[PDB]
Structure formats: structure tokens, C-alpha cells
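Here is the structure we will look at.
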Amino acid sequence: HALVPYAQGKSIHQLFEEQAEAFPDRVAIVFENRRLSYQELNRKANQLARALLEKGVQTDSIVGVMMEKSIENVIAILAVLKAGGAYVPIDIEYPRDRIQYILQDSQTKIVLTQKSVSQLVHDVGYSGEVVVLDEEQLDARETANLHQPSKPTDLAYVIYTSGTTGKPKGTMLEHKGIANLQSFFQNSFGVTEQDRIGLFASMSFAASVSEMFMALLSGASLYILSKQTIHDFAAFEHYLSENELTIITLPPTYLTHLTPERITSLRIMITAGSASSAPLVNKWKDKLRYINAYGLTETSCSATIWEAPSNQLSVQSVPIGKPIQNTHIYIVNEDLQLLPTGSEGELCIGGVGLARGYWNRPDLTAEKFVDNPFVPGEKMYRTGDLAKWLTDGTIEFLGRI
Ligand SMILES: Nc1ncnc2c1ncn2[C@@H]1O[C@H](COP(=O)(O)O)[C@@H](O)[C@H]1O
Ligand SMILES: [Cl-]
């Protein structure tokens, strides 16, 4: 039994199926002028999951996804999880050679795409199975849940990232971190089925996975923001306002361009990926609940939060806060010795959100995902981030070691 309760023993798609059973007629997903209910979304994913099972998708199958941000991309993701596999979202705007390297590194034998992306799949020369989902004839297939065997330690998704230099690498994420996040978001952000959540991040990026499941594992609605909507700050404000969106996660670099008087309905603004200035926090923290979230691809996108304390004077600095439920974080020196208040060292993260490691990168995995000496038999991730404890028990982010 976990320190903080969550839906232990459950896969991502099982938690989604429970929401589709409880809230069948609520709106699940919106893109432009189209929307699906939970029941509609679940049925379509089950029809596709049975097709993918017939093609050989099984536990720890890595299934490439080369698709636009769309309702059909979400159907594909849910279908891969229900068939028992794991998906790798491939950024279709990347140069050809980067897509080629990712597909080759991943060793994926099956890629899901759409008609508008088929020519790119041909041009990067992929020689495995290609499923053109908007040519697939699925309407006759059974719409019931599959109930395939699954364990929360099974792979769910693989996210590729490239450093300044270094080859793209795949971070392997299991279901368990996203199951814990469902509990975290309900407890700490009060997410309910009433919420209307924007999908901002590229569906290549680990943050997108977090955003998508923030909605779909609570019965809330997910509004997939279009390229045009994100590109124009006025259009972005109008879209949020007209659709009464209640929660969004943004890079602070984007939030900087927005006008609080132009967003009607948000109850929470989360910023992630980089630091928010104190002036940016002061501009927003009395209009809504401002949350600074610190987390990594390697930790299921989550580690710590700092919600700006409500009804307070201005702040002159912006902590990254405290570890979230069922996660551990340590500030250590180069010898992995714990540091007292005020001493800067490396953030190391442990607990349920930790990736399995890097795909086919055993020495890098061993270097980064080290034995947790504080909790025998667990691992912890060496972030490369510098931080210190404040004596109030919050963490200050200081940059890179
Ligand atoms: N709230 C934050 N404040 C400052 N840096 C952050 C924050 N959240 C994420 N980061 C940085 O982004 C990295 C994770 O990048 P990624 O895995 O691409 O999400 C972390 O190791 C930090 O360097
Ligand atoms: Cl089940």
C-alpha cells in the first residue's frame, strides 16, 4: 500500500475505461468543430485496439505514431494501450534524418499514421508495417472493452528527446506514474469531470501525455488547441474564454504574452519546463491559482509543485516547492550525500513516477538511474539540476550542475 492512496494495480486504459463507464455522455475530447463523448471515444479506441491486437501488438510492443494533433491521434494512443502495447509519438515536423534515427533506434515494427502523413512515412523510408488509420475499415468491429492482461509496470509510452548534442534517446515510461498523477491531480488541483483542460504541448512531448490524462482519467474534457490558435495570442485568449477552459499548463515564455483580463474562466494556471519570474507570478497569482511545476520526462513529467499561497503580498522569488505524493526528492553532493538547508547540490528524484530507463541505452541508464542509497532496492534519477532547500521546507531551483 502506497504512502498516499492512488489506483494501484490499474493501467492507464483501465482508469480511462472507468471514467467512460461513469461519465459516458460527458464530452471527452474537442478539436475545432468536432467532439466525442467518453462512450464514443472508448468505443472507437476498442474497435482500433482489436485491429491492432490482430496485427500482433502485445506487452512492451513499441508502436510508432506519426499523426497530426487530433481526436484520431488520441484514439490511436488509447487503442495501443488497450491492445497492451506502448506508443512512441514521432514529431512529424522533425527533419527526415531525425525521424529516421528515432524509428531505427526504437526498432518499432508497426507505425500508425494517416493519409496526410503517408507521404512523409514513405520519404523517411520506413519498411515495417504501416497502418493508415483513416483508410482502416473498423465500423464492424466489437466496441466492448478488451480486458487484455496488463500490469502497471508494463510499458505505456516512450518519449524521445535530444540534448544540445547527443543522439535522440527514448525514455521508457510505465503506467504506474500516470496512475499516481490521476490521484495527485484530483487531490492537489481538485480536478473533476467538470473541468475543461487545454492540450497545449506537442503530442511528441512527455508534457502532452500528462495534460491529456489530466483530463481523460478524471472525466473532464480535453480541448486540443490548433496550431493557428497557439500561434496568435488573441486567438488563444478568445478560444480559452469562449470554451470556458478551466485548467491549462503553459511554458512561462508563452504565459508572458497573455493578458489576464482576456482569459475569462481559468481556475488554475500551471507553468512548467522553465522558471517563471517573480513579476510574472505576481501578475497572475491573484487572478487564479498559479502553480509552478517542476518535473522531467524521466519522472512522468512531475516531481515538485509550488502553488503560490493564496491572498498574499507580492513574492520576490518563485520556489519549485515540495515533492508530490508518492515521490521522493533529495539534494545531494557529488558523493550522493544529503545536504542541509542552504547548501546547493543536485536534485535526485525517486518514487512511482521514475522511468524504467532509456531504450537500448544500458550504460547511460545505469549512469542516470542510480541505486537510491536512502531507500534500499529503489532507483533514483540524477537530474543534473542544481537546487537548495529553504528553511521553510520548499526547494529553490538554481539552474544546472
Ligand atoms: N518549473 C521549472 N523551473 C525550472 N526549470 C524547470 C522547471 N520544470 C522543468 N525544468 C527544467 O526542465 C528539465 C526537464 O525537461 P523535460 O524533460 O524536457 O521536461 C528539468 O531537468 C529542468 O532543467
Ligand atoms: Cl479490466
Side-chain angles (χ1 to χ4, degrees), residues 4 181 184-192 194-198 200-201 207 210-211 214 233-234 236-238 240-241 244-296 299 301-325 327-331 339-347 349 383 385-400:
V4 179
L181 283 176
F184 168 65
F185 294 142
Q186 288 178 5
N187 275 309
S188 293
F189 298 167
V191 173
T192 75
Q194 301 293 324
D195 283 297
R196 297 187 181 187
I197 307 189
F200 182 88
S210 179
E211 295 180 278
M214 184 186 288
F233 305 118
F236 181 96
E237 291 162 349
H238 182 253
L240 267 62
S241 294
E244 306 175 7
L245 300 195
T246 64
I247 306 171
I248 195 135
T249 295
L250 294 177
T253 56
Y254 194 90
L255 180 61
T256 297
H257 287 113
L258 304 180
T259 307
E261 298 79 8
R262 295 289 173 274
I263 296 167
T264 59
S265 292
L266 286 177
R267 67 181 186 85
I268 289 169
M269 176 52 75
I270 303 135
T271 58
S274 63
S276 293
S277 77
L280 181 62
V281 174
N282 290 326
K283 180 166 178 174
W284 288 87
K285 77 187 187 83
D286 291 310
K287 169 192 177 61
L288 42 64
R289 301 167 58 186
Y290 173 81
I291 307 173
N292 187 19
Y294 164 83
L296 291 81
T299 72
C301 283
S302 291
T304 70
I305 63 155
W306 180 74
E307 176 163 355
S310 51
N311 304 124
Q312 298 298 311
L313 301 172
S314 67
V315 293
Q316 292 68 46
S317 72
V318 182
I320 59 159
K322 299 180 189 182
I324 73 159
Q325 59 175 72
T327 82
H328 321 298
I329 203 169
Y330 312 99
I331 298 178
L339 301 179
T341 297
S343 287
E344 70 179 35
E346 186 179 28
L347 285 167
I349 298 162
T383 66
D385 292 316
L386 186 70
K388 67 186 185 181
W389 289 107
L390 304 183
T391 195
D392 71 5
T394 67
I395 297 163
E396 178 169 349
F397 176 90
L398 296 170
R400 300 291 291 164

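Position 1 is the first residue of the sequence; numbering continues from there. Heavy-atom basis, side chains included; hydrogens, waters and symmetry copies ignored.
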With side chain to side chain donor-acceptor pair (under 3.5 Å) as the test, would you mind laying out the steps for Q316 and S314 before giving the verdict? CA-CA 7 Å; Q316 292 68 46; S314 67; 2.8 Å; yes

Hey, does [Y] have a side-chain heavy atom less than 4.5 Å from the side chain of [X]?
X	Y	result
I268	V191	no
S343	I331	no
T304	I395	yes
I270	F189	yes
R400	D385	yes
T383	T299	no
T246	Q194	no
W284	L258	yes

How many angstroms lie between [atom1] in [X] and [atom2] in [Y], if you round to the nearest 0.5 Å?
X	Y	atom1	atom2	result
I248	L240	CD1	CG	5.0 Å
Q325	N187	CD	CG	5.0 Å
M269	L250	CE	CG	4.5 Å
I349	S302	CD1	OG	10.0 Å
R289	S188	CZ	OG	8.5 Å
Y294	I305	OH	CD1	15.0 Å

Consider only side-chain N and O atoms of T394 and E396, and report whether a donor and an acceptor are under 3.5 Å apart.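 Per modelled atom types, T394 and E396 side chains form no pair under 3.5 Å.
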
Do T271 and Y254 get their side chains close enough for a donor-acceptor pair, meaning under 3.5 Å?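 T271 vs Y254: no donor-acceptor pair found between side chains.
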
Using every non-hydrogen atom in the two residues, find where [X] and [Y] come nearest and quote the distance to one decimal.
X	Y	answer
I329	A303	CD1-CB, 4.5 Å
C301	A207	SG-N, 3.5 Å
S317	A278	N-CB, 3.9 Å
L266	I247	CD2-N, 3.7 Å
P252	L280	O-CD2, 3.7 Å
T249	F200	O-CB, 3.7 Å

I'd like to know if the side chain of [X] and the backbone of [Y] have a donor-acceptor N/O pair within less than 3.5 Å.
X	Y	result
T341	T391	no
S241	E237	yes
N292	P319	yes
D195	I197	no
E211	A201	yes
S265	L245	no
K287	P260	yes

Partner of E261 by side chain to side chain contact (heavy atoms under 4.5 Å, CB included), out of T264, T259, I263: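 Only one option passes, and that is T259.
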
Aromatic plane relationship, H328 with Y330 - under 30° parallel, 30 to 60° tilted, over 60° perpendicular: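 It falls in the tilted class, 30° to 60°.
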
Other residues, nucleotides and ligands only: do more than 12 of their heavy atoms fall within 6.0 Å of CZ on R262?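 Incorrect, the count does not exceed 12.
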
